[PDB]
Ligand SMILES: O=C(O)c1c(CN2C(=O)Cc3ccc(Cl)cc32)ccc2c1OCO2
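One chain comes next, on its own, written as structure tokens: the form solved without the named molecule.
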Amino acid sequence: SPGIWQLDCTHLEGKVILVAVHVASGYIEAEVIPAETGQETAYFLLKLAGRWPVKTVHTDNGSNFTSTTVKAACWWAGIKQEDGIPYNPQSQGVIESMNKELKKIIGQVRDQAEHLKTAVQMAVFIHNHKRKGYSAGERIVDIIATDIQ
């Protein structure tokens, strides 16, 4: 549980926003990329796993699950690559809701930056700091620290 992440890809402004969600906390990292290739996804996972203790990644689609570049990044970084089949149907709903929330926040900040990437990083900040009362940033640290001890 402390090490499980889920990939999510959403679209805005003719660009792709790649998101990794820490399932237990709802904490996220995200980046804007031109298109969702194996190489882009692989690089994103490499960054993520250097920053947080990523044990398992549920990939966002079959192309990323299949990609030998993504498999190679998971091998490199010691990540168990898994499918993202929503065996619990609540999973699709959670992702859909998160994409809607993120796009809402991006709208709220969109005029504060020229470039979408900037707005997306503002959105990451707002999402992770939002008290729901603990924030997702607080929850991830607490969950991982409890696991370490």
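Numbering starts at 1 and follows the sequence shown.
Keep in mind that the form deposited with the named molecule bound is missing from the display, and what follows is about it.
Though the partner is left out of this view, residue 88 does not reach within 4.5 Å of the named molecule in the bound PDB entry, counting heavy atoms only. In the bound PDB entry, the named molecule sits beyond 4.5 Å of every heavy atom of residue 82. The partner is not shown here, but in the bound PDB entry the stretch 93-117 reaches within 4.5 angstroms of the named molecule through a heavy atom at 94, 95, 97, 98, 101.
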